[PDB]
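Protein chains get the first letters and strands the later ones, always in sequence-line order, with residue 1 at the start of each.
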Amino acid sequence: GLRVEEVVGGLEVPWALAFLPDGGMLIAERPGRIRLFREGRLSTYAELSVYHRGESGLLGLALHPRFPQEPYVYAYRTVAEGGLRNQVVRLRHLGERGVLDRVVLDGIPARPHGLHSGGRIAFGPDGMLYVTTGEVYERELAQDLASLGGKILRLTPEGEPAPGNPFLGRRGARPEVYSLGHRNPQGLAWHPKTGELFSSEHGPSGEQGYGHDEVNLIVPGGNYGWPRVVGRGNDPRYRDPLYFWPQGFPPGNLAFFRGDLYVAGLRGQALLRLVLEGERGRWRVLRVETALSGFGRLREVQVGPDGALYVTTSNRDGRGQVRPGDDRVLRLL
Amino acid sequence: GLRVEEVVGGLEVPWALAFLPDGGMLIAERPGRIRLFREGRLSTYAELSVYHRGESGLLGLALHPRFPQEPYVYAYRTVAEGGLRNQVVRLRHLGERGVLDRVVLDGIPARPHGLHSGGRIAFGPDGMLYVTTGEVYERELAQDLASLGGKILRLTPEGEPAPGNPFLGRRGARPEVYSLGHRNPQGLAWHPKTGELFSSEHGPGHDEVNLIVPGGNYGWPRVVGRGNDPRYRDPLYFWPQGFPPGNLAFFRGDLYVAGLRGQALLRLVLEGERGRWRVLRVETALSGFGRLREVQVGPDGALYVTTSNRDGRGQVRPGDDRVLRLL
Ligand SMILES: [Ca+2]
Ligand SMILES: [Ca+2]
Ligand SMILES: [Cl-]
Ligand SMILES: [Cl-]
């Protein structure tokens, strides 16, 4: 049994967390504010102009692998100035505040409705920047190697296509693409033992079928089926998910904690624990258990430097029930 | 991989740790001192008279299940005054100090050589007190139901044989006995999911980890190693070339075993279910600190370990015998 304790509340859709080496904590609020929680006080680290409609705005957040030597905080945001699109930007760290440094990758698909913008970013064991993107409700983008939408991208911290990427030599293909065939993926997590990448993504919603949200084991160049395939199939061209909920469980981020894979649930309003059995390249879920419930919609989930599991609530994202002090950062054990 | 940091040092054979709900930490030093480490300061909580020779002295330590409302600290110790034997004594908690309340269980075997005195005590998920005892180098005692030696005992916090014990209605058997056929057992840990009790003990090599079941006979000294005799329970894990273990604890999904002569903390990756467990693989989680004896998960989620380099069988180094904290 995991014990919960509230770290801080009153936040508006805390999409991602970043743990500063000195103990502080950066919190990305979808409306466009990056908050700093330190010594029991909440302050504004930075304010960024964003397009906050639908599921868009200020989404993923990640510190440079060599932070603070390389004083840089990365953020994924939907912007409208000069044209509506998603992008990954970088801010220069000044201690208690951050200021826009430059755009790292621009032109990721976005639409006026603000739906399916993806947004999860994180630096992997290889030191590269991984970025999830949605197909903005134009499902065919996911299968289009020429589109940055419905993909998982991999870049160097400077924004260049990562060396060794799967489509580096092909004409008509975006060299930034790591994997394709993804609807709206928002999770990124690496298995501590194998280094394998796992991702979570929302399945169809009266959008070609209901439920079938999933957790995928991401391999370089892998095509995860959307929109050609929903759930599992017999087609070897498209990789089946490690697990999927035929009755839908729309997922937030996911993280490895104590040998198990935890998945934050948004509509399901719960934190699920996936018990795995297998080895590199051969995993399967033995059983699924509820690790947390009674706190509403859950979106971000990360293991902190203290070894504790941090989770954020999403009750104020327009699809939940807002209650006093809502949208907290919770610490489990 | 785990990351370590020293909590405090300069200790003399810190045998067991007890975490105070308020934040403090009690440390049992074999020579007979219970220390209090609170807000960065080390002090003496209590000083008990003990017989500290061989592997004996002040050994296991455990707070009452309802501490501090039930202000009581349990300690296992070898005493010479009034006769040489091992016992579980209770102290009244007074804040920064603890004083002698009463003996909870007396008469556990002890011998002048001070070897094989067991000593690990802990309250289980059932709220009962579990006590490990050695056969004081008189191996036959382990198979003798009339002897408190070479056993794991289970009592109520008041010292009465725990209700439901396996040999309650057995002529010629100490009602306190929970399991028998131990050689020297100084390890107690319960699986977080199943509530099953796991124990570690020293054998000639043949050190092992056992899944303790009520009434189980663990073979010493009739059988060592695995076999398939319904009378005896096989060990969960057996060390062919011999790791002498300290305590063990479940941490972040795995079972960790402190190694004394092995000078390392081993991680046992388990696979199976309630009643049928097996060790998938064994890995080293910590080393470079010498002999390791106590291992317990703290309230802060970190795994605590103690060194035992000053117990007479290791290499002592400046500041040696510390309490370490892992991630
Ligand atoms: Ca799929
Ligand atoms: Ca045995
Ligand atoms: Cl969303
Ligand atoms: Cl010993």
Side-chain angles (χ1 to χ4, degrees), chain A residues 15-20 26-30 32-34 45-52 56-94 97-110 117-134 136 141 145-168 173-180 182 185-188 190 197 199 218 220 253 300 302:
Chain A
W15 224 89
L17 299 176
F19 301 93
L20 295 171
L26 297 180
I27 309 168
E29 285 182 287
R30 200 171 63 180
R33 302 179 295 278
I34 293 180
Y45 181 75
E47 193 165 305
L48 299 171
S49 169
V50 303
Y51 182 70
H52 47 80
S56 299
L58 174 59
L59 316 173
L61 191 73
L63 306 178
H64 186 292
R66 300 195 294 296
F67 185 88
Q69 138 143 140
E70 298 285 7
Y72 301 110
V73 175
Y74 291 72
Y76 184 111
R77 69 164 175 177
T78 314
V79 74
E81 282 298 322
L84 177 64
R85 80 285 192 175
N86 282 116
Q87 51 172 41
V88 172
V89 296
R90 187 169 82 171
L91 304 195
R92 171 175 282 286
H93 178 68
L94 300 175
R97 291 182 174 65
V99 293
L100 234 191
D101 174 51
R102 79 166 213 271
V103 179
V104 177
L105 173 57
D106 206 357
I108 298 172
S117 280
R120 187 67 59 191
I121 65 171
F123 287 93
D126 54 11
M128 303 299 233
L129 175 60
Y130 289 72
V131 187
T132 70
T133 70
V136 304
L141 296 184
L145 286 179
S147 173
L148 294 175
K151 310 288 193 299
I152 284 184
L153 316 172
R154 191 180 66 149
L155 321 168
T156 64
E158 290 302 307
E160 291 294 298
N165 266 185
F167 307 109
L168 236 35
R174 289 299 303 244
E176 302 88 345
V177 174
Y178 189 69
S179 65
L180 66 160
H182 301 287
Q186 299 181 336
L188 291 172
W190 286 272
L197 172 62
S199 179
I218 309 297
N253 202 2
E300 165 69 304
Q302 279 203 74

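Inter-residue side-chain proximity for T133(A) and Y76(A) is flagged as met; some heavy-atom pair is nearer than 4.5 Å. Counting heavy atoms from C-beta outward, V89(A) and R102(A) have side chains that stay 4.5 Å or more apart. Between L168(A) and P175(A), some side-chain heavy-atom pair lies under the 4.5 Å cut-off. Between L26(A) and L63(A), some side-chain heavy-atom pair lies under the 4.5 Å cut-off. Residues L91(A) and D101(A) fail the side-chain proximity criterion, which asks for heavy atoms closer than 4.5 Å. Two residues are said to be in side-chain contact when any heavy atoms from C-beta on lie closer than 4.5 Å; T78(A) and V50(A) fail this criterion. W15(A) has its side chain out of reach of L61(A): every pair of non-hydrogen atoms, C-beta onward, lies at least 4.5 Å apart. Residues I34(A) and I27(A) have side chains not in contact (no heavy-atom distance under 4.5 Å, counting atoms from C-beta outward).
What you find for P166(A) and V177(A) is that their closest heavy atoms are CG-O, 3.3 Å. Here the shortest heavy-atom pairing between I218(A) and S179(A) reads CG2-OG, 3.6 Å.
Ring-plane geometry between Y130(A) and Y178(A) is classed as perpendicular, the angle between the planes exceeding 60 degrees on a 0 to 90 degree scale with a lower cut at 30.
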If you apply the rule side-chain contact (heavy atoms from CB on, under 4.5 Å), what do you find for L145(A) with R174(A), and how did you get there? CA-CA 6 Å; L145(A) 286 179; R174(A) 289 299 303 244; over 6 Å; no
Give the C-alpha distance, both sets of side-chain angles, the deciding distance and a yes or no for side-chain contact (heavy atoms from CB on, under 4.5 Å) between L153(A) and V88(A). CA-CA 11 Å; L153(A) 316 172; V88(A) 172; over 6 Å; no
Passes side-chain contact (heavy atoms from CB on, under 4.5 Å), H64(A) versus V73(A)? Steps please. CA-CA 6 Å; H64(A) 186 292; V73(A) 175; over 6 Å; no
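The backbone N or O of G187(A) lies less than 3.5 Å from a partner atom in the side chain of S199(A), making a donor-acceptor pair. Side-chain atoms of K151(A) come within 3.5 Å of backbone atoms of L141(A) as a donor-acceptor pair (strictly under, hydrogens ignored).
Side-chain contact, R90(A) with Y74(A): a donor N or O sits under 3.5 Å from an acceptor N or O.
For the side chain to side chain donor-acceptor pair (under 3.5 Å) test with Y72(A), the passing option among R92(A), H93(A), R66(A), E158(A) is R92(A); the others fail.
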